[PDB]
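**Student:** Below is the structure I would like to discuss, written out as structure tokens.
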Amino acid sequence: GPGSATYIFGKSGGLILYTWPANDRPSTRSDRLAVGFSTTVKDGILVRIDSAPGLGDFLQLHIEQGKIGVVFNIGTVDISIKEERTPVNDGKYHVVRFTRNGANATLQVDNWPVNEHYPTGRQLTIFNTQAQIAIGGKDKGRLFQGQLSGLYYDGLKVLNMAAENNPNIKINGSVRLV
Ligand SMILES: *[C@@H]1O[C@H](CO[C@@H]2O[C@H](CO)[C@@H](O)[C@H](O)[C@@H]2O)[C@@H](O[C@@H]2O[C@H](CO)[C@@H](O)[C@H](O)[C@H]2NC(C)=O)[C@H](O)[C@H]1NC(C)=O
Ligand SMILES: [Ca+2]
């Protein structure tokens with residue numbers, strides 16, 4: 001709601017970084033990711049979850065040519081799902097919702113027709129030993145500029161945790177709680 005923690009990222013970019021305590025690093029067969037955003041950027045990474053060093057697994061929510069999508073890897077090759085029909089960089093508030101079940105995924109913006117992707121043949125299922133949630137894209141040189149609100153990832157309200165000064169959150173660069 002109104003109480004959902006909201007952060008503004010400026011033109012110079014910033015990062016909010018959640019690092020799981022070592023023993024708390026999760027492994028999942030399915031994920032759920034959602035965030036409210038407003039932006040005019042043609043390109044930027046909003047959120048990326050990475051596994052521990054040496055493991056290639058990741059899950060990345062990003063905008064490319066004004067269109068929002070998720071690319072992820074759970075141990076085979078990059079799997080992508082995208083809202084290709086309509087751009088989201090119109091400077092209006094949207095909600096993007098993503099689910100993953102093994103190699104399968106869904107993606108919806110607002111109330112638009114749902115995108116679904118079901119890779120064929122033998123697949124892996126586990127997103128192994130997740131180590132960090134990077135928000136804002138600055139670390140990968142694709143900074144997000146705009147507003148992020150009410151980020152939800154697998155039960156974690158990460159922006160709420162940032163706003164509450166969670167000891168496993170680091171914030172730097174051009175980012176501000178509103
Ligand atoms: C990932 O998704 C596959 C395929 O999903 C099935 O096919 C269509 C996709 O076009 C989808 O709309 C249906 O809902 C259906 O689930 C899953 O594989 C299927 O699993 C179901 C339920 O266990 C079986 O009835 C089907 O035989 C089976 N089909 C195939 C082609 O294998 C798969 O389980 C799923 N992966 C995970 C981890 O959930
Ligand atoms: Ca894996």
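A note on labels: chains of the structure tokens are A, B, ... as shown, every chain counts residues from 1, and ligands are counted from 1 in their shown order.
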Kindly work out which residues sit at most 6 Å from ligand 2, using only C-alpha atoms and all ligand atoms, and give the list as an MDAnalysis selection string.

**Tutor:** chainID A and resid 74:75 126:128

**Student:** Output as an MDAnalysis selection string all residues of stretch 24-168 of chain A that backbone DSSP marks as helix (DSSP H, G or I).

**Tutor:** chainID A and resid 24 138:140 158:163

**Student:** Could you please take those selected residues and save N, CA and C atoms as an mmCIF file, in the first residue's frame?

**Tutor:**
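Contents of again04.cif, as written:
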```cif
data_model
loop_
_atom_site.group_PDB
_atom_site.id
_atom_site.type_symbol
_atom_site.label_atom_id
_atom_site.label_comp_id
_atom_site.auth_asym_id
_atom_site.auth_seq_id
_atom_site.Cartn_x
_atom_site.Cartn_y
_atom_site.Cartn_z
ATOM 1 N N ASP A 24 21.624 -18.936 5.667
ATOM 2 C CA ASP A 24 20.261 -18.629 5.201
ATOM 3 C C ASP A 24 20.101 -18.630 3.674
ATOM 4 N N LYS A 138 23.242 -0.863 -11.040
ATOM 5 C CA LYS A 138 24.484 -0.071 -11.141
ATOM 6 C C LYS A 138 25.737 -0.952 -11.238
ATOM 7 N N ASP A 139 25.752 -2.043 -10.477
ATOM 8 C CA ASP A 139 26.882 -2.968 -10.444
ATOM 9 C C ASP A 139 27.184 -3.601 -11.810
ATOM 10 N N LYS A 140 26.149 -3.750 -12.634
ATOM 11 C CA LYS A 140 26.293 -4.349 -13.962
ATOM 12 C C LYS A 140 26.378 -3.311 -15.079
ATOM 13 N N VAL A 158 12.037 -6.671 0.297
ATOM 14 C CA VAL A 158 13.421 -6.192 0.379
ATOM 15 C C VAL A 158 13.523 -4.686 0.613
ATOM 16 N N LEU A 159 12.682 -3.908 -0.068
ATOM 17 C CA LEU A 159 12.677 -2.456 0.147
ATOM 18 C C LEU A 159 12.183 -2.087 1.555
ATOM 19 N N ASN A 160 11.213 -2.841 2.083
ATOM 20 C CA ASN A 160 10.805 -2.682 3.492
ATOM 21 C C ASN A 160 11.957 -2.987 4.444
ATOM 22 N N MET A 161 12.721 -4.033 4.136
ATOM 23 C CA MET A 161 13.902 -4.386 4.926
ATOM 24 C C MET A 161 14.979 -3.302 4.855
ATOM 25 N N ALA A 162 15.167 -2.724 3.667
ATOM 26 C CA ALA A 162 16.087 -1.596 3.504
ATOM 27 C C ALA A 162 15.634 -0.411 4.363
ATOM 28 N N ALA A 163 14.343 -0.079 4.288
ATOM 29 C CA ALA A 163 13.771 1.044 5.042
ATOM 30 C C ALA A 163 13.861 0.861 6.560
#
```

**Student:** Can I get the residues close to ligand 1 as a list in words, where close means within 12 Å and we count only C-alpha atoms and all ligand atoms?

**Tutor:**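 The residues near ligand 1 are residues 28, 29, 30, 31, 74, 99, 100, 101, 102, 103, 104, 105, 106, 115, 116, 117, 118, 119, 120, 121, 122, 123, 124, 125, 126 and 127 of chain A.
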
**Student:** Could you take the residues named above and write them with C-alpha atoms, as a PDB file, in the first residue's frame?

**Tutor:**
```pdb
ATOM      1  CA  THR A  28      14.374 -22.998  -4.691  1.00  0.00           C
ATOM      2  CA  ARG A  29      12.413 -24.992  -7.285  1.00  0.00           C
ATOM      3  CA  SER A  30      10.099 -22.020  -7.763  1.00  0.00           C
ATOM      4  CA  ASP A  31      10.237 -18.270  -7.301  1.00  0.00           C
ATOM      5  CA  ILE A  74      19.308 -22.346 -13.161  1.00  0.00           C
ATOM      6  CA  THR A  99       6.925 -16.582 -11.464  1.00  0.00           C
ATOM      7  CA  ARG A 100       9.335 -19.428 -12.115  1.00  0.00           C
ATOM      8  CA  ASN A 101       8.690 -23.159 -11.712  1.00  0.00           C
ATOM      9  CA  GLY A 102      11.857 -24.985 -12.694  1.00  0.00           C
ATOM     10  CA  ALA A 103      12.601 -23.804 -16.248  1.00  0.00           C
ATOM     11  CA  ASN A 104       9.007 -22.558 -16.770  1.00  0.00           C
ATOM     12  CA  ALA A 105       8.015 -18.939 -16.231  1.00  0.00           C
ATOM     13  CA  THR A 106       5.238 -16.373 -16.373  1.00  0.00           C
ATOM     14  CA  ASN A 115       3.261 -14.095 -20.908  1.00  0.00           C
ATOM     15  CA  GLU A 116       4.116 -17.780 -20.442  1.00  0.00           C
ATOM     16  CA  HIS A 117       7.187 -19.813 -21.392  1.00  0.00           C
ATOM     17  CA  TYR A 118       7.596 -23.594 -21.164  1.00  0.00           C
ATOM     18  CA  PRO A 119      10.998 -24.805 -22.453  1.00  0.00           C
ATOM     19  CA  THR A 120      10.858 -28.244 -24.079  1.00  0.00           C
ATOM     20  CA  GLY A 121      12.851 -31.380 -23.230  1.00  0.00           C
ATOM     21  CA  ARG A 122      14.904 -32.203 -20.149  1.00  0.00           C
ATOM     22  CA  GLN A 123      15.412 -29.277 -17.773  1.00  0.00           C
ATOM     23  CA  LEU A 124      16.969 -28.553 -14.376  1.00  0.00           C
ATOM     24  CA  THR A 125      14.736 -27.122 -11.612  1.00  0.00           C
ATOM     25  CA  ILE A 126      16.752 -25.617  -8.744  1.00  0.00           C
ATOM     26  CA  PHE A 127      17.984 -22.020  -8.375  1.00  0.00           C
TER      27      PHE A 127
END
```

**Student:** From the set A:68, A:177, A:22, A:95, which residue has the shortest atom-to-atom contact distance to residue A:37, counting only C-alpha atoms?

**Tutor:**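 Smallest distance to residue A:37 is found for A:95.
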
**Student:** Could you work out how far atom CA of residue A:82 lies from atom CA of residue A:154, giving the answer in Å with one decimal?

**Tutor:**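 It comes out at 20.3 Å.
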
**Student:** Just the residues within 8 Å of residue A:93, please, counting only C-alpha atoms, with nothing from its chain fewer than 4 positions along; format it as number ranges by chain.

**Tutor:** A: 36-39
